[PDB]
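The next block is data_8.csv, given as CSV, N, CA and C atoms.
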chain,number,residue,atom,x,y,z
E,1,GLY,N,-47.4,2.5,-74.4
E,1,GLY,CA,-47.3,1.1,-75.0
E,1,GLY,C,-45.9,0.7,-75.0
E,2,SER,N,-45.3,0.7,-76.2
E,2,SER,CA,-43.8,0.3,-76.3
E,2,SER,C,-43.0,1.1,-75.3
E,3,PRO,N,-43.1,2.4,-75.4
E,3,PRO,CA,-42.4,3.4,-74.6
E,3,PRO,C,-43.1,3.5,-73.2
E,4,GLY,N,-42.6,2.7,-72.2
E,4,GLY,CA,-43.2,2.8,-70.9
E,4,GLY,C,-42.7,1.6,-70.1
E,5,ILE,N,-42.6,0.4,-70.7
E,5,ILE,CA,-42.1,-0.8,-69.9
E,5,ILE,C,-40.7,-0.5,-69.4
E,6,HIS,N,-40.5,-0.7,-68.1
E,6,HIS,CA,-39.2,-0.4,-67.5
E,6,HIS,C,-38.7,1.0,-67.9
E,7,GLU,N,-38.0,1.2,-68.9
E,7,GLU,CA,-37.5,2.5,-69.3
E,7,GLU,C,-38.7,3.4,-69.7
E,8,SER,N,-38.7,4.6,-69.2
E,8,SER,CA,-39.9,5.5,-69.5
E,8,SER,C,-39.4,7.0,-69.7
E,9,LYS,N,-40.1,7.8,-70.3
E,9,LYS,CA,-39.7,9.2,-70.5
E,9,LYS,C,-40.8,10.0,-71.2
E,10,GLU,N,-41.5,10.8,-70.4
E,10,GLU,CA,-42.7,11.6,-70.9
E,10,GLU,C,-43.5,12.2,-69.8
E,11,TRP,N,-43.5,11.5,-68.6
E,11,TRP,CA,-44.3,12.1,-67.5
E,11,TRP,C,-43.4,12.1,-66.2
E,12,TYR,N,-42.4,11.2,-66.2
E,12,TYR,CA,-41.5,11.2,-64.9
E,12,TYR,C,-40.5,12.3,-65.1
E,13,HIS,N,-40.2,13.0,-64.0
E,13,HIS,CA,-39.2,14.1,-64.0
E,13,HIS,C,-37.9,13.7,-63.2
E,14,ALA,N,-36.8,14.2,-63.5
E,14,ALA,CA,-35.6,13.8,-62.8
E,14,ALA,C,-34.4,14.7,-63.2
E,15,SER,N,-34.6,16.0,-63.4
E,15,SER,CA,-33.6,16.9,-63.8
E,15,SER,C,-34.0,18.4,-63.5
E,16,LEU,N,-35.0,18.8,-64.2
E,16,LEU,CA,-35.4,20.2,-63.9
E,16,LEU,C,-35.8,20.4,-62.5
E,17,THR,N,-36.0,21.6,-62.0
E,17,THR,CA,-36.3,21.9,-60.6
E,17,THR,C,-37.6,21.1,-60.3
E,18,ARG,N,-37.6,20.3,-59.2
E,18,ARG,CA,-38.8,19.6,-58.9
E,18,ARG,C,-39.8,20.5,-58.2
E,19,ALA,N,-39.3,21.4,-57.4
E,19,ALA,CA,-40.3,22.4,-56.7
E,19,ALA,C,-40.9,23.3,-57.8
E,20,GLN,N,-40.2,23.5,-58.8
E,20,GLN,CA,-40.8,24.4,-59.9
E,20,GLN,C,-42.0,23.8,-60.5
E,21,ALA,N,-42.2,22.5,-60.3
E,21,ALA,CA,-43.5,21.9,-60.8
E,21,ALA,C,-44.7,22.4,-60.1
E,22,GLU,N,-44.5,22.8,-58.9
E,22,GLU,CA,-45.7,23.3,-58.1
E,22,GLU,C,-46.1,24.7,-58.7
E,23,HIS,N,-45.2,25.5,-59.1
E,23,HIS,CA,-45.5,26.8,-59.7
E,23,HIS,C,-46.1,26.6,-61.1
E,24,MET,N,-45.8,25.5,-61.7
E,24,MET,CA,-46.3,25.3,-63.1
E,24,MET,C,-47.7,24.6,-63.0
E,25,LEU,N,-48.0,24.0,-61.8
E,25,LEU,CA,-49.3,23.4,-61.6
E,25,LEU,C,-50.3,24.4,-61.1
E,26,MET,N,-49.9,25.5,-60.6
E,26,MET,CA,-50.8,26.5,-60.1
E,26,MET,C,-51.3,27.4,-61.2
E,27,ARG,N,-50.6,27.4,-62.3
E,27,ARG,CA,-51.0,28.2,-63.5
E,27,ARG,C,-52.1,27.5,-64.2
E,28,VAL,N,-52.5,26.4,-63.8
E,28,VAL,CA,-53.6,25.7,-64.5
E,28,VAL,C,-54.8,25.5,-63.5
E,29,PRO,N,-55.8,26.4,-63.7
E,29,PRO,CA,-57.0,26.5,-62.9
E,29,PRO,C,-58.0,25.4,-63.3
E,30,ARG,N,-59.0,25.1,-62.6
E,30,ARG,CA,-60.0,24.1,-63.0
E,30,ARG,C,-59.3,22.8,-63.3
E,31,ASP,N,-59.0,22.0,-62.3
E,31,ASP,CA,-58.3,20.7,-62.6
E,31,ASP,C,-56.9,21.0,-62.9
E,32,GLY,N,-56.0,20.1,-62.5
E,32,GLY,CA,-54.5,20.4,-62.9
E,32,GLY,C,-54.0,19.3,-63.8
E,33,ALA,N,-53.3,18.3,-63.3
E,33,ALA,CA,-52.8,17.2,-64.2
E,33,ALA,C,-52.0,16.2,-63.3
E,34,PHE,N,-51.6,15.1,-63.9
E,34,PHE,CA,-50.9,14.1,-63.1
E,34,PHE,C,-49.5,13.9,-63.7
E,35,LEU,N,-48.5,14.0,-62.8
E,35,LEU,CA,-47.1,13.8,-63.3
E,35,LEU,C,-46.3,13.0,-62.2
E,36,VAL,N,-45.0,12.9,-62.4
E,36,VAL,CA,-44.1,12.2,-61.4
E,36,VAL,C,-42.7,12.8,-61.4
E,37,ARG,N,-41.9,12.4,-60.4
E,37,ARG,CA,-40.6,13.0,-60.3
E,37,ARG,C,-39.7,12.1,-59.4
E,38,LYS,N,-38.4,12.3,-59.3
E,38,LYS,CA,-37.5,11.5,-58.5
E,38,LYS,C,-37.4,12.3,-57.1
E,39,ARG,N,-37.0,11.5,-56.1
E,39,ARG,CA,-36.8,12.2,-54.8
E,39,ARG,C,-35.3,12.4,-54.5
E,40,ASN,N,-34.9,12.4,-53.3
E,40,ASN,CA,-33.5,12.6,-52.9
E,40,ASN,C,-32.8,11.3,-52.9
E,41,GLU,N,-33.2,10.3,-53.7
E,41,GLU,CA,-32.6,9.0,-53.7
E,41,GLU,C,-33.3,8.1,-54.7
E,42,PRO,N,-32.6,7.1,-55.2
E,42,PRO,CA,-33.1,6.1,-56.1
E,42,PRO,C,-33.9,5.0,-55.4
E,43,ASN,N,-34.2,5.2,-54.2
E,43,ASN,CA,-35.0,4.2,-53.5
E,43,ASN,C,-36.4,4.9,-53.0
E,44,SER,N,-37.0,5.5,-54.0
E,44,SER,CA,-38.3,6.2,-53.6
E,44,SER,C,-38.7,7.2,-54.7
E,45,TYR,N,-39.9,7.2,-55.2
E,45,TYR,CA,-40.4,8.1,-56.2
E,45,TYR,C,-41.5,8.9,-55.7
E,46,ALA,N,-42.1,9.8,-56.5
E,46,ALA,CA,-43.2,10.7,-56.0
E,46,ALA,C,-44.1,11.0,-57.2
E,47,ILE,N,-45.3,11.4,-57.0
E,47,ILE,CA,-46.2,11.8,-58.1
E,47,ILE,C,-46.7,13.2,-57.9
E,48,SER,N,-46.3,14.1,-58.8
E,48,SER,CA,-46.7,15.5,-58.7
E,48,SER,C,-48.0,15.8,-59.5
E,49,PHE,N,-49.1,16.0,-58.9
E,49,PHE,CA,-50.4,16.2,-59.7
E,49,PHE,C,-51.2,17.2,-58.9
E,50,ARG,N,-52.3,17.7,-59.5
E,50,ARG,CA,-53.2,18.6,-58.7
E,50,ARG,C,-54.5,18.9,-59.4
E,51,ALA,N,-55.4,19.4,-58.7
E,51,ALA,CA,-56.7,19.9,-59.2
E,51,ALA,C,-57.0,21.2,-58.6
E,52,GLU,N,-58.1,21.9,-59.1
E,52,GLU,CA,-58.4,23.2,-58.6
E,52,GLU,C,-57.2,24.1,-58.6
E,53,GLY,N,-56.5,24.2,-57.5
E,53,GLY,CA,-55.2,25.1,-57.5
E,53,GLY,C,-54.5,24.8,-56.1
E,54,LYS,N,-54.6,23.7,-55.6
E,54,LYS,CA,-53.9,23.4,-54.3
E,54,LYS,C,-52.8,22.4,-54.5
E,55,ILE,N,-52.0,22.5,-55.5
E,55,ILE,CA,-50.9,21.6,-55.9
E,55,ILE,C,-50.5,20.6,-54.7
E,56,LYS,N,-50.4,19.4,-55.1
E,56,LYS,CA,-50.0,18.3,-54.1
E,56,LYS,C,-49.4,17.1,-54.8
E,57,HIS,N,-48.2,16.7,-54.3
E,57,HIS,CA,-47.6,15.6,-55.0
E,57,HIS,C,-47.8,14.3,-54.2
E,58,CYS,N,-47.0,13.3,-54.3
E,58,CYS,CA,-47.2,12.0,-53.6
E,58,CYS,C,-45.9,11.3,-53.4
E,59,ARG,N,-45.8,10.3,-52.6
E,59,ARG,CA,-44.5,9.6,-52.4
E,59,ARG,C,-44.7,8.1,-52.5
E,60,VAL,N,-44.3,7.5,-53.6
E,60,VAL,CA,-44.5,6.1,-53.8
E,60,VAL,C,-43.3,5.4,-53.2
E,61,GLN,N,-43.5,4.2,-52.5
E,61,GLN,CA,-42.3,3.6,-51.9
E,61,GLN,C,-41.9,2.3,-52.7
E,62,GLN,N,-40.8,1.7,-52.3
E,62,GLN,CA,-40.4,0.5,-53.1
E,62,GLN,C,-39.5,-0.4,-52.1
E,63,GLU,N,-39.6,-1.7,-52.2
E,63,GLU,CA,-38.8,-2.6,-51.4
E,63,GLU,C,-37.9,-3.4,-52.2
E,64,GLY,N,-37.2,-4.4,-51.7
E,64,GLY,CA,-36.3,-5.2,-52.4
E,64,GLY,C,-37.0,-6.3,-53.2
E,65,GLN,N,-38.3,-6.3,-53.1
E,65,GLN,CA,-39.1,-7.4,-53.8
E,65,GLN,C,-40.1,-6.7,-54.7
E,66,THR,N,-41.1,-6.0,-54.2
E,66,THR,CA,-42.1,-5.4,-55.1
E,66,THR,C,-42.2,-3.9,-54.7
E,67,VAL,N,-42.9,-3.1,-55.4
E,67,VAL,CA,-43.1,-1.7,-55.1
E,67,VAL,C,-44.4,-1.5,-54.3
E,68,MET,N,-44.7,-0.4,-53.7
E,68,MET,CA,-46.0,-0.2,-53.0
E,68,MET,C,-46.4,1.2,-53.3
E,69,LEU,N,-47.3,1.4,-54.2
E,69,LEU,CA,-47.8,2.7,-54.5
E,69,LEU,C,-48.7,3.2,-53.3
E,70,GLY,N,-49.4,2.3,-52.7
E,70,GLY,CA,-50.4,2.7,-51.6
E,70,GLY,C,-51.0,1.4,-51.1
E,71,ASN,N,-52.2,1.1,-51.6
E,71,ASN,CA,-52.9,-0.1,-51.1
E,71,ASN,C,-52.7,-1.2,-52.1
E,72,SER,N,-51.7,-1.1,-53.0
E,72,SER,CA,-51.4,-2.2,-54.0
E,72,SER,C,-49.9,-2.2,-54.3
E,73,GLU,N,-49.4,-3.4,-54.5
E,73,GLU,CA,-48.0,-3.6,-54.8
E,73,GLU,C,-47.8,-3.8,-56.3
E,74,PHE,N,-46.9,-3.0,-56.9
E,74,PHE,CA,-46.7,-3.2,-58.4
E,74,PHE,C,-45.3,-2.8,-58.8
E,75,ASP,N,-44.4,-3.7,-58.6
E,75,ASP,CA,-42.9,-3.4,-58.9
E,75,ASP,C,-42.8,-2.6,-60.2
E,76,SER,N,-43.7,-2.7,-61.1
E,76,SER,CA,-43.6,-2.0,-62.4
E,76,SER,C,-44.0,-0.5,-62.1
E,77,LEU,N,-43.2,0.4,-62.6
E,77,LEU,CA,-43.6,1.8,-62.4
E,77,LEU,C,-44.7,2.2,-63.3
E,78,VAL,N,-44.7,1.6,-64.5
E,78,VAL,CA,-45.8,2.0,-65.5
E,78,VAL,C,-47.0,1.1,-65.2
E,79,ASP,N,-46.8,-0.1,-64.8
E,79,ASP,CA,-48.0,-1.0,-64.5
E,79,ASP,C,-48.7,-0.5,-63.2
E,80,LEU,N,-47.9,0.2,-62.3
E,80,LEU,CA,-48.5,0.7,-61.0
E,80,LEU,C,-49.5,1.7,-61.4
E,81,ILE,N,-49.2,2.7,-62.2
E,81,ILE,CA,-50.2,3.7,-62.6
E,81,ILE,C,-51.0,3.2,-63.8
E,82,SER,N,-50.7,2.0,-64.3
E,82,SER,CA,-51.4,1.5,-65.5
E,82,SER,C,-52.8,1.1,-65.0
E,83,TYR,N,-52.9,0.2,-64.0
E,83,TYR,CA,-54.2,-0.2,-63.5
E,83,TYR,C,-54.8,1.0,-62.7
E,84,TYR,N,-54.0,1.6,-61.9
E,84,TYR,CA,-54.6,2.8,-61.1
E,84,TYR,C,-54.9,3.9,-62.0
E,85,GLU,N,-54.5,3.9,-63.3
E,85,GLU,CA,-54.8,5.0,-64.2
E,85,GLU,C,-56.3,5.0,-64.4
E,86,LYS,N,-57.0,3.9,-64.5
E,86,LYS,CA,-58.5,3.9,-64.6
E,86,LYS,C,-59.1,3.9,-63.2
E,87,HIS,N,-58.5,3.4,-62.3
E,87,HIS,CA,-59.0,3.4,-60.9
E,87,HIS,C,-58.6,4.7,-60.2
E,88,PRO,N,-59.3,5.0,-59.1
E,88,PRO,CA,-59.1,6.2,-58.3
E,88,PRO,C,-57.8,6.1,-57.4
E,89,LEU,N,-56.9,7.1,-57.5
E,89,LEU,CA,-55.7,7.0,-56.7
E,89,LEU,C,-56.0,7.5,-55.3
E,90,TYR,N,-56.2,8.8,-55.1
E,90,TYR,CA,-56.5,9.2,-53.7
E,90,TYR,C,-58.0,9.2,-53.5
E,91,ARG,N,-58.5,10.1,-52.7
E,91,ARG,CA,-60.0,10.1,-52.4
E,91,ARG,C,-60.7,10.7,-53.6
E,92,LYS,N,-60.1,11.0,-54.7
E,92,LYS,CA,-60.8,11.6,-55.8
E,92,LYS,C,-59.9,11.6,-57.1
E,93,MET,N,-58.7,11.9,-57.0
E,93,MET,CA,-57.8,11.9,-58.1
E,93,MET,C,-57.9,10.7,-58.9
E,94,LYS,N,-57.6,10.7,-60.2
E,94,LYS,CA,-57.7,9.4,-61.0
E,94,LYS,C,-56.7,9.5,-62.2
E,95,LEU,N,-55.7,10.3,-62.1
E,95,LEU,CA,-54.7,10.4,-63.2
E,95,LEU,C,-55.5,10.5,-64.5
E,96,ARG,N,-56.7,11.1,-64.5
E,96,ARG,CA,-57.4,11.2,-65.8
E,96,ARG,C,-57.1,12.5,-66.4
E,97,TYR,N,-56.2,13.3,-65.9
E,97,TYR,CA,-55.9,14.6,-66.5
E,97,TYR,C,-54.4,14.6,-66.9
E,98,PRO,N,-54.1,14.0,-68.0
E,98,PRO,CA,-52.7,13.9,-68.6
E,98,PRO,C,-52.4,15.2,-69.4
E,99,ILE,N,-53.0,16.3,-69.0
E,99,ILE,CA,-52.7,17.5,-69.7
E,99,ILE,C,-53.3,18.7,-68.9
E,100,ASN,N,-52.9,19.9,-69.2
E,100,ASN,CA,-53.4,21.1,-68.5
E,100,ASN,C,-54.7,21.7,-69.2
E,101,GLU,N,-55.6,22.3,-68.5
E,101,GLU,CA,-56.8,22.8,-69.1
E,101,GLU,C,-56.3,23.8,-70.2
E,102,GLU,N,-56.6,23.4,-71.4
E,102,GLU,CA,-56.2,24.3,-72.6
E,102,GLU,C,-56.9,23.9,-73.9
E,103,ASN,N,-57.1,22.6,-74.0
E,103,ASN,CA,-57.8,22.1,-75.3
E,103,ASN,C,-58.3,20.7,-75.0
E,104,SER,N,-58.7,20.4,-73.8
E,104,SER,CA,-59.2,19.0,-73.5
E,104,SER,C,-60.8,19.0,-73.5
E,105,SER,N,-61.4,19.9,-74.2
E,105,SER,CA,-62.8,20.0,-74.3
E,105,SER,C,-63.4,19.4,-75.6
S,1,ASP,N,-48.3,19.6,-43.2
S,1,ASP,CA,-47.8,18.6,-44.3
S,1,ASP,C,-48.6,18.8,-45.6
S,2,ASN,N,-48.0,19.5,-46.5
S,2,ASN,CA,-48.8,19.8,-47.8
S,2,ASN,C,-47.8,19.4,-49.0
S,3,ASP,N,-48.3,19.6,-50.2
S,3,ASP,CA,-47.5,19.2,-51.4
S,3,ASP,C,-47.2,17.7,-51.4
S,4,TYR,N,-48.1,16.9,-51.0
S,4,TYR,CA,-47.9,15.5,-50.9
S,4,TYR,C,-49.1,14.8,-50.4
S,5,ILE,N,-49.4,13.6,-50.9
S,5,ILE,CA,-50.7,12.9,-50.5
S,5,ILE,C,-50.5,11.4,-50.7
S,6,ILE,N,-51.4,10.6,-50.2
S,6,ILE,CA,-51.3,9.1,-50.4
S,6,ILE,C,-52.4,8.7,-51.4
S,7,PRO,N,-52.0,7.9,-52.4
S,7,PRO,CA,-52.9,7.4,-53.4
S,7,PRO,C,-53.9,6.3,-52.9
S,8,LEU,N,-54.8,6.6,-52.1
S,8,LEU,CA,-55.7,5.6,-51.5
S,8,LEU,C,-57.2,6.0,-52.0
S,9,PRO,N,-57.8,5.0,-52.5
S,9,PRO,CA,-59.2,5.1,-53.1
S,9,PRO,C,-60.2,5.1,-52.0
S,10,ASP,N,-60.2,6.0,-51.1
S,10,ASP,CA,-61.2,6.1,-50.0
S,10,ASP,C,-60.7,7.1,-48.9
S,11,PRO,N,-61.7,7.5,-48.1
S,11,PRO,CA,-61.5,8.5,-47.0
S,11,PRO,C,-60.9,7.8,-45.8
S,12,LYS,N,-59.7,7.4,-45.8
S,12,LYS,CA,-59.1,6.7,-44.7
S,12,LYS,C,-57.6,6.2,-45.0
As structure tokens, the full file:
Amino acid sequence: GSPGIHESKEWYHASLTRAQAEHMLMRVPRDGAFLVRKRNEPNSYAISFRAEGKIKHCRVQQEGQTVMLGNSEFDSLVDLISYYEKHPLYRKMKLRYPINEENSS
Amino acid sequence: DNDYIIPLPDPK
């Protein structure tokens, strides 16, 4: 809510090892979780998430006008996943796993 | 090409 508009800090990564996220996503069997991280430049972001145990991230693009997460443009980084949070991202993912299998039952 | 995917709601 308050913490998310423009400035954000809780799911996006931009300091710790980005590749280390894959080793942390494989330790969670049965569904993984949805996260994000920075790339090798301030002109492109990515989403690190996974299910089962086949870790896979994503690459969101951005232009000088609006951003393009995929089939929708949403210059807002939080609004981009805000509407897609309830809708389906890839052919099945849905950012519905904001935590690792441990106490979400 | 692994460790990356496109957020598209459909098989295409």
Looking only at the backbone, which of the residues in range 58-93 of chain E does DSSP tag as helix (DSSP H, G or I), as number ranges by chain?
-> E: 77-86
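The chain E residues that come within 7 Å of chain S are residues 54, 55, 56, 57, 58, 59, 69, 70, 71, 88, 89, 90, 91 and 92 of chain E, with only N, CA and C atoms taken into account.
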Selected residues written out with N, CA and C atoms, as a compact mmCIF listing (two decimals), in the frame of the given file:
# COMPACT_ATOMS: atom_id res chain seq x y z
N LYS E 54 -54.60 23.70 -55.60
CA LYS E 54 -53.90 23.40 -54.30
C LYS E 54 -52.80 22.40 -54.50
N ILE E 55 -52.00 22.50 -55.50
CA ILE E 55 -50.90 21.60 -55.90
C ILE E 55 -50.50 20.60 -54.70
N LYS E 56 -50.40 19.40 -55.10
CA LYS E 56 -50.00 18.30 -54.10
C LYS E 56 -49.40 17.10 -54.80
N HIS E 57 -48.20 16.70 -54.30
CA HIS E 57 -47.60 15.60 -55.00
C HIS E 57 -47.80 14.30 -54.20
N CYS E 58 -47.00 13.30 -54.30
CA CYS E 58 -47.20 12.00 -53.60
C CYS E 58 -45.90 11.30 -53.40
N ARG E 59 -45.80 10.30 -52.60
CA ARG E 59 -44.50 9.60 -52.40
C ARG E 59 -44.70 8.10 -52.50
N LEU E 69 -47.30 1.40 -54.20
CA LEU E 69 -47.80 2.70 -54.50
C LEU E 69 -48.70 3.20 -53.30
N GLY E 70 -49.40 2.30 -52.70
CA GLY E 70 -50.40 2.70 -51.60
C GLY E 70 -51.00 1.40 -51.10
N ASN E 71 -52.20 1.10 -51.60
CA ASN E 71 -52.90 -0.10 -51.10
C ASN E 71 -52.70 -1.20 -52.10
N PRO E 88 -59.30 5.00 -59.10
CA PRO E 88 -59.10 6.20 -58.30
C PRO E 88 -57.80 6.10 -57.40
N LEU E 89 -56.90 7.10 -57.50
CA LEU E 89 -55.70 7.00 -56.70
C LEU E 89 -56.00 7.50 -55.30
N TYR E 90 -56.20 8.80 -55.10
CA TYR E 90 -56.50 9.20 -53.70
C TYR E 90 -58.00 9.20 -53.50
N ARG E 91 -58.50 10.10 -52.70
CA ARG E 91 -60.00 10.10 -52.40
C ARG E 91 -60.70 10.70 -53.60
N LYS E 92 -60.10 11.00 -54.70
CA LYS E 92 -60.80 11.60 -55.80
C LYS E 92 -59.90 11.60 -57.10
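Between atom C of residue 2 in chain E and CA of residue 46 in chain E the interatomic distance comes to 21.6 Å.
Atom pair CA of residue 77 in chain E / CA of residue 101 in chain E has a distance of 25.7 Å (rounded to one decimal).
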For atom C of residue 23 in chain E and atom C of residue 10 in chain E, determine how far apart the two atoms are, in Å to one decimal place.
-> 17.0 Å
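Near range 38-43 of chain E, within 9 Å and counting only C-alpha atoms, sit residues 12, 13, 14, 15, 18, 46, 47, 59, 61, 62 and 63 of chain E, not including residues fewer than 3 positions from it in the same chain.
For the choices E:16, E:102, E:35, E:95, the atom-to-atom distance to residue 82 in chain E is smallest for E:95 when using only C-alpha atoms.
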Assign secondary structure with DSSP using the backbone only, and return the residues of range 4-91 of chain E in strand (DSSP E or B) as a PyMOL selection string.
-> chain E and resi 12-13+33-34+36-38+45-46+49-50+56+58-62+67-68+73
From the structure block, carefully write chain S out with C-alpha atoms; format it as a PDB file, in the first residue's frame.
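Result saved to out_15.pdb:
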ATOM      1  CA  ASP S   1      17.748 -20.642 -22.552  1.00  0.00           C
ATOM      2  CA  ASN S   2      16.649 -21.249 -18.943  1.00  0.00           C
ATOM      3  CA  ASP S   3      16.403 -19.240 -15.699  1.00  0.00           C
ATOM      4  CA  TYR S   4      14.105 -16.738 -17.460  1.00  0.00           C
ATOM      5  CA  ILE S   5      10.589 -16.608 -18.985  1.00  0.00           C
ATOM      6  CA  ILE S   6       8.014 -14.174 -20.395  1.00  0.00           C
ATOM      7  CA  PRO S   7       4.941 -13.218 -18.327  1.00  0.00           C
ATOM      8  CA  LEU S   8       2.290 -14.070 -20.937  1.00  0.00           C
ATOM      9  CA  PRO S   9      -1.137 -15.454 -19.894  1.00  0.00           C
ATOM     10  CA  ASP S  10      -1.334 -18.142 -22.619  1.00  0.00           C
ATOM     11  CA  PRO S  11       0.626 -20.820 -24.524  1.00  0.00           C
ATOM     12  CA  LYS S  12       2.091 -18.506 -27.193  1.00  0.00           C
TER      13      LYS S  12
END
